[PDB]
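# Working through the structure, step by step
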Amino acid sequence: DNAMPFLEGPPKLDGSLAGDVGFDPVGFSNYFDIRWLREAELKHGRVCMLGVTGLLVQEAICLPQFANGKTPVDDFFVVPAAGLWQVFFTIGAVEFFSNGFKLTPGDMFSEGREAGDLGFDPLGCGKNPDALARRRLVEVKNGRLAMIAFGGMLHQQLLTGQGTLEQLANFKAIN
Amino acid sequence: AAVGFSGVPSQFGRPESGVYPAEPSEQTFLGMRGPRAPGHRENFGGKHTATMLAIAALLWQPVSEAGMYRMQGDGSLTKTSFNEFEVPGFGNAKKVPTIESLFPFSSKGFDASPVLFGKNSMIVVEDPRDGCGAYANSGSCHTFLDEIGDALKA
Amino acid sequence: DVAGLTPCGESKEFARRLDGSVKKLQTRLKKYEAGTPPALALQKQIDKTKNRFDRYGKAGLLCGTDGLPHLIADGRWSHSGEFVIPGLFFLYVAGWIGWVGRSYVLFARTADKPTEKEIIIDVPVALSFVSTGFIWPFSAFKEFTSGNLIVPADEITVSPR
Amino acid sequence: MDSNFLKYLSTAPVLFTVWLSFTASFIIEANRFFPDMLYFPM
Amino acid sequence: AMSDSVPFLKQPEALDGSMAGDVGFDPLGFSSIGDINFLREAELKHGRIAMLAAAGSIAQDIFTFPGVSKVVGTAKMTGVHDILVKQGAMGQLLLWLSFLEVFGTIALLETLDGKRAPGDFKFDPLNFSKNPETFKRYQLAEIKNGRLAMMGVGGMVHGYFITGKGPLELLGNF
Amino acid sequence: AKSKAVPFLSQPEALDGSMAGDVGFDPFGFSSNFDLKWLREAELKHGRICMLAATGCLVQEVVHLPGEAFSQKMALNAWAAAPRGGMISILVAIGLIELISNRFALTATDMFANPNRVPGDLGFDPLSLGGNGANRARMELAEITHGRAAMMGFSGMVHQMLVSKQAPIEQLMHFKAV
Amino acid sequence: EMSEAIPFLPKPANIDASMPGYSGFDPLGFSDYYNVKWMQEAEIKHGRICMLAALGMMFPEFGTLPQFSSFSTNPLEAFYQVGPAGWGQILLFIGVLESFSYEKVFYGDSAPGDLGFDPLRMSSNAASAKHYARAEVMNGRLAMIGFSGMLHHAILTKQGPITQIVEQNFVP
Amino acid sequence: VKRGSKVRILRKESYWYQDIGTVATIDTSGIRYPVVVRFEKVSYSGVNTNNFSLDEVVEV
Amino acid sequence: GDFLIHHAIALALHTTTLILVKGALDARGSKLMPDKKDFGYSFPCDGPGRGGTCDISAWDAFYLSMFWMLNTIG
Ligand code: CLA
Ligand code: CLA
Ligand code: CLA
Ligand code: KC2
Ligand SMILES: CC1=C(C#C/C(C)=C/C=C/C(C)=C/C=C/C=C(C)/C=C/C=C(\C)C#CC2=C(C)C[C@@H](O)CC2(C)C)C(C)(C)C[C@H](O)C1
Ligand SMILES: CC1=C(C#C/C(C)=C/C=C/C(C)=C/C=C/C=C(C)/C=C/C=C(\C)C#CC2=C(C)C[C@@H](O)CC2(C)C)C(C)(C)C[C@H](O)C1
Ligand SMILES: CC1=C(C#C\C(C)=C/C=C/C(C)=C/C=C/C=C(C)/C=C/C=C(\C)C#CC2=C(C)C[C@@H](O)CC2(C)C)C(C)(C)C[C@H](O)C1
Ligand SMILES: CC1=C(C#C/C(C)=C/C=C/C(C)=C/C=C/C=C(C)/C=C/C=C(C)/C=C/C2=C(C)CCCC2(C)C)C(C)(C)C[C@H](O)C1
Ligand code: SF4
């Protein structure tokens, strides 16, 4: 079916990709390559899944090497700067090596590579095709859900100044 | 042979162009009629322009009310500028450019709102008729009709 | 300030020039009755002298030891209105004038008898040309880059060397 | 307007005199209403 | 070839009778200037917003939600607007109505292309108009009630500007 | 053979009722010495500027932007009281609108070089309100009549503001004879 | 055939799409008079110098070399605080860099901008080479505009770009 | 060169050197300068035509 | 005054240079007289023909430039 019944189905969304319900009202797929859009969507969603898990874990668990802030967003501002640069450059090395040093929309998919498939499947998990399709669908939906969830958790922790589970209990309202 | 202000360069001995494109009838909402590349009015016609204007007006609403809103003990909110947002890891540049750098409403004393007229930036409307009438006024109201009437009645 | 000169608004000899001019006009004013048209004309001249000296003293002009404003023309922006900006105004007008004249010459070659156009101006066409001069730098530069302003040396007459 | 009279009016000396008087009138009225402009005011 | 509503005026050429509420009423020829699809979308949007505003004025006269009386006090009708601009309610209202109106803009431009009826968002989650004739009856009723509520809400807010009573309070006090 | 507007003069040549607002009114023979396309483009430009200008001279009294600098009801005071950088931005933007809207053909020798370029047709129809054929001639007639009325009205308002030192509406409400 | 940057003008004759930073933009017709390959080499060099300059107008506000830690964060003061010896060494290094450019431009027939500095071989992949070839000219033009802006703003404000932003000193 | 053609003059001493004239007559007899060329600009002596050899005229 | 008199001096030097350089470079021939080198450095004229040729030699350019040299040293 179509997500928006009062508009026609976007012609570049053919339903082959997992998660396609026909939702492109602005028409982003009419201008940009769909492989770049899928790589960006999966990367944003994966970063948000790790961010949701980190925001839930850094509220309660703090390694003794670091010194926890009152909220997981303030936890960024108490880390040494060299450590943040270390994480940033390690992520840059991963981004360089996982893409074959091909980091731009003009050469990322020049060798016919699949969007979001960087060949990282260590623990088996990828032999059944019928399970591969369903796990693709689960990955894209949980990625979008973790995008919206991470946006909510970060903005409400910035607003209230307390953590997420610290806000689920003793819940206050704007007054 | 050469009419004044004719605007034909060959009539004035001016270097001509030769190539004159035909004028298409396709129209864009915020653009102009004229010769364009093939594919141009189909990607960037009225639909695209209206969609981008809608998206810009939508995104204006968080941008106009830009700031760090912090809850206090009584549940009230204190809004403070992004200019005090400090970063740990760019050396001696603790203060950094933010979204309020691109949209500095408070620098000009402009009370921005999500529809861009604020409480302290309201459009000022005042009635110029001063609470009197068109004719037969006795007071601080001498209209043009009263001047005409006094000119006849003298 | 610049070059050891003093601003005119604090120079005592500038004030001495103003006072000398005012007394020189006032001694002429003394010989006429109040209300007579020469008296009004002289008082208007006094008013213009006072207004001119007041305006010159508040403009940041530099005065020498003579008592007259001295212009600075080394390119500094603090006196950029003394030579640079009026000159550009001339540069606006003069580049206009030659261009429209050049345009008329290029028109005049295309007529049946050019010399009659040279002595008897085609007034609508000339008014069109003098209207065209408002964008003269860009038009002249495009005329230059398209090879329509500069002609090669092999098409120009020269004397035997 | 007779076309021969207009063509005589379009001659170089008449148009020269009229244009230079017109320019002089611009300079004269500019200096009458805005006198003593030694400088471009800042 | 004459207007049915105004018998001494011609039938407007952009009007045909297909749309609900068409009685040939366009004396000033506004449909000759604008597109009839844009005009019908504007009429439906003005009417639906005015129905919601009329029903809101009636119900806010009738009763109030829990807790609104503390923040607002004895301020009613358009007088709450500025207060609820200082509070966060109307910023949320504008944010979500702008989010809806982005897709409304895309739908209006799609209608101006000509693949979609004006005001047809296909929003019938209760499936009221199964057979086409009841669909026509609700279309006529919707456009008539929308125009009636446009006039009603105009009267209500200008009567509030005159007396400061409210549409039911003005009925209950001369 | 005679002009309709001025019945004691002969009909001016090149005027044949084709353009909107053509009543044969050209006593000084401007169309006999200059081309009608440039004259029509200039007339429409002066008229449109005066439409915006008359609407501004009436609206600015009733409605102002917030701020002290925009609180002058009389428009000749609002010319000076408005911030200078904003008006220089207005000048530059008008220059850019002239530059791109005429498609780099700005003079009396290159505007209308394209045979498809029509006097007053810059291609400006943002809401496409001209998509109707039999309305078109009446629309151009209404536009030129509004422009002419606005030119005469805006001239009268500016010089009456000069005489009276009063904004127009309150000058009509607080009238003082000369 | 019409220009793609200015759709109502004809396409300029002496620029073609094979040049990396082509957009069909020559309203003044510079390519019609001057040597196009010279103009390409000059654009590339102006853009590269402005890339280094746009990074270096901003970078000392983040941090300075320990020997230059006492130097001002305003670039127009730190230009003067450097002695003639350091600027002479910088000029000598720039001259060493320009000797290769002199030889290539006045005596060679290489591609525009090609001084033979490709140690990482990042232009080996054809699509990657095309993307980098266009992107160098784009970021060079952007840095030309940005460095022009930063220099005249530093003239007006006597502080660096980040410093001028965070104090919000936007009016002269 | 032929009748009616526009030609440029390569005679160094000529008033119309590197200027354009129109060929008025080409004489067929054994004349040293058989090409009569008429010019739109008059010389210092007021003449506007001159005879040239074949090598002193080049077609434009 | 020093500014004005040095720019007047520059005017006089440039004008004397104009006369002298124009005399030296047109000494071999001009459009009015392309065979001037056949007539030597000094001769009165080339007659009233071709519009008139008074003071056409380079010696005459010396003669005209002497007054400007006297003006410049003055
Ligand atoms: C080759 C492997 C390697 C080695 C030897 C180190 C060594 C170090 N790391 Mg480290 N790191 C690595 C890989 C490595 N890292 C990777 C792959 C990651 C990402 C998962 C990290 C993430 C990381 C974080 C998040 C932090 C460190 C920190 C540290 C420092 C701890 C001691 C300290 O604080 O005193 C040194 C104290 C100083 C003030 C000196 C400044 C730090 C120097 C300049 C860093 C030098 C690191 C060195 C170049 C190796 C980096 C490898 C690179 C690929 C990341 C030490 C220099 C901590 C740190 O630097 O705290 C300050 C810290 O917070 N690292
Ligand atoms: C169409 C106008 C025009 C143009 C564009 C030029 C262009 C030029 N002249 Mg020339 N000139 C002209 C008219 C013109 N001339 C006339 C009428 C005279 C006789 C007085 C001269 C006498 C003259 C001399 C003696 C010299 C030049 C020189 C020059 C060159 C340098 C610029 C200069 O010194 O200007 C200065 C111009 C003048 C002093 C005279 C200008 C006279 C008026 C103001 C211009 C005519 C405007 C015209 C009436 C407009 C009518 C058009 C209208 C119908 C639309 C340049 C090639 C100089 C040179 O060789 O430099 C390389 C030089 O030494 N010219
Ligand atoms: C000839 C046109 C014109 C000009 C030169 C001015 C000039 C001015 N107006 Mg103004 N104004 C105009 C028309 C004009 N107005 C019209 C038509 C309206 C009614 C909507 C207004 C309403 C208005 C208000 C409410 C205020 C001013 C104010 C001002 C002053 C400050 C500038 C400012 O903030 O602009 C503000 C300008 C606007 C709010 C609207 C301008 C709309 C113009 C006409 C643009 C539309 C056409 C545009 C060129 C696009 C066409 C392109 C096409 C040709 C291709 C300044 C003296 C302010 C002031 O000083 O108060 C006294 C102020 O508060 N104006
Ligand atoms: C992420 C990219 C992007 C954004 C965010 C964005 C936003 C907005 C907004 C937002 C408020 C408006 C109002 C607006 C309007 C117009 N845009 Mg759009 N635009 C983007 C991309 C492009 C490109 C690549 C082109 C283009 C164009 C036009 C034209 C054409 C006029 C005409 O054709 O006459 C108009 C009117 C085409 C053009 O001609 O640009 C000169 C063109 O090539 N746009 N655009
Ligand atoms: C369609 C959609 C849904 C829907 C939902 C929608 C919201 C259903 C509701 C539609 C409602 C909002 C209709 C409201 C109409 C207002 C009437 C015409 C006006 C009164 C104004 C006049 C008489 C007056 C006034 C007067 C004057 C001026 C001032 C006063 O002093 C006095 C007075 C008051 C007499 C549903 C759930 C149905 C399901 C469907 O599947 C999908
Ligand atoms: C083209 C079209 C566009 C449209 C558009 C534009 C914006 C059209 C709207 C235009 C406005 C600007 C027309 C202005 C008229 C002003 C004059 C008539 C007032 C004259 C009063 C004078 C005569 C009188 C006066 C008097 C003076 C003398 C003395 C005083 O004591 C009194 C008084 C003041 C009474 C849109 C945007 C829709 C898009 C579409 O796709 C295409
Ligand atoms: C050669 C290549 C490699 C190399 C690498 C080298 C190091 C290449 C480095 C290239 C670097 C220098 C690129 C830098 C670009 C910066 C530009 C785009 C920006 C200016 C910003 C503007 C927009 C602005 C600003 C604005 C100013 C005006 C005003 C403010 O109010 C606002 C704001 C701040 C927005 C190596 C050596 C590895 C080898 C390899 O084999 C090949
Ligand atoms: C929120 C807010 C505010 C506000 C506001 C609001 C909510 C404003 C709302 C205004 C509205 C809804 C006005 C409606 C006007 C209707 C008219 C004139 C109808 C005329 C009909 C006629 C002439 C004829 C009808 C006819 C009849 C009789 C029968 C035949 C047909 C026809 C000929 C058509 C403010 C401004 C106070 C500011 C405050 O800080 C915040
Ligand atoms: S008047 Fe002239 S041409 Fe005649 S003889 Fe004397 S110098 Fe020669």
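Look up: the structure comes first, before these words.
Below: a short report on this structure.

Parameters and conventions
- Residues numbered from 1 in each chain as written, not as in the entry; some residues may be left out.
- Chains lettered and ligands numbered in written order.
- Part of a larger assembly, values for the part shown.
- Heavy atoms only, no water.
- Residues with missing side-chain atoms left out of burial classes, pairs and counts.
- Disulfide = S-S within 2.5 Å.
- Buried < 20%, exposed > 50% of the residue type's maximum accessible area, 1.4 Å probe, protein only.
- Helix = DSSP H or I, 4+ residues; strand = E, 2+ residues; numbered from the N terminus.
- Pairing = 2+ DSSP bridges.
- Patch = residues over 30% accessible without salt bridge, like charges linked within 9 Å, V, L, I, M, F, W, Y side chains within 5 Å.
- Areas by Shrake-Rupley, 256 points an atom, 1.4 Å probe, with all protein chains shown as cover.
- Salt bridge = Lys/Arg side-chain N within 4 Å of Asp/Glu carboxyl O.
- Core = buried A, V, L, I, M, F, W, Y, C linked by side-chain atoms within 4.5 Å.
- Axes fitted to C-alpha atoms, helices over the stretch in contact; angles between N-to-C directions.
- Parallel < 35°, antiparallel > 145°, perpendicular 65-115°, else oblique.
- Left-handed = near helix turned anticlockwise from the far one by under 90°.
- Contact = heavy atoms within 4.5 Å.

Bringing the state of the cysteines into the picture now. All told, the structure shown has 2 disulfides over all chains when counted by the stated rule. One disulfide in the model links B:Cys132 with B:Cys141; its S-S distance is 2.0 Å. The sign of the S-S torsion, about 55 degrees, decides the handedness of the disulfide formed by B:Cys132 and B:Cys141: right-handed. On the basis of relative accessible area, B:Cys141 is assigned to the buried category, the value being 8%. A sulfur-sulfur separation of 2.0 Å characterises the disulfide bridge that pairs C:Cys8 with C:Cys63. Between C:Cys8 and C:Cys63, the S-S torsion sits near 105 degrees, and that sign places the bridge as right-handed. Placement of the pair is C:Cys8 in the loop between β1 (6–7) and α1 (12–29) and C:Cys63 in strand β2 (residues 62–63), with a sequence separation of 55 residues. Lacking any disulfide linkage, F:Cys50 is separated from the closest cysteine sulfur, that of F:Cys57, by 9.4 Å.

Residue and element names in this part refer to chain C. Taking strand neighbours across the sheet as the criterion, the 3 strands line up as β1-β2-β3 in an open arrangement whose pairing is antiparallel. Each edge of the open sheet carries a strand with a single partner, namely β1 and β3 (69–70). Where β2 lies against β3, 2 bridges are found, and the strand directions are antiparallel. Note that in β3 the partner of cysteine 63 across the bridge is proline 69.

On the surface, I:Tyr41, I:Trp59, I:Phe62, I:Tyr63, I:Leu64, I:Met66, I:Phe67, I:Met69, I:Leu70 and I:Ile73 cluster together into a nonpolar patch covering about 1000 Å² of accessible area. When you line up the elements, I:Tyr41 lands in the loop between α1 (2–25) and α2 (58–73).

The subject of this paragraph is the nonpolar core. Core analysis: the biggest nonpolar cluster contains 11 residues, these being B:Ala2, B:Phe12, C:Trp99, C:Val100, C:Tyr104, C:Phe107, C:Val125, C:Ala126, C:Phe129, C:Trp136 and C:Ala140. Elements represented by at least two residues in this core include exactly α3 (84–108), α5 (123–132) and α6 (136–145) of chain C. With 4 residues, the top contributor of residues to this core is α3(C). Residues A:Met4, B:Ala54, B:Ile55 and E:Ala107 belong to the second largest nonpolar core, which totals 10 residues.

Moving on: the packing of helix α1 (residues 34–57) of chain A against helix α3 (residues 129–160) of chain A. Residue and element names in this part refer to chain A. Where α1 contacts α3, the two axes come as close as 7 Å, and the packing angle between them is 50 degrees. When the axes of α1 and α3 are compared, the pair comes out oblique. Helix-helix and strand crossings are classified by hand; for α1 and α3 the assignment is left-handed. Here α1 contributes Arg38, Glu41, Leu42, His44, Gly45, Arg46, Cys48, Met49, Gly51, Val52, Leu55 and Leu56 to the contact with α3, which in turn contributes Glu139, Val140, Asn142, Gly143, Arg144, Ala146, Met147, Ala149, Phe150, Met153, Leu154 and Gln157.

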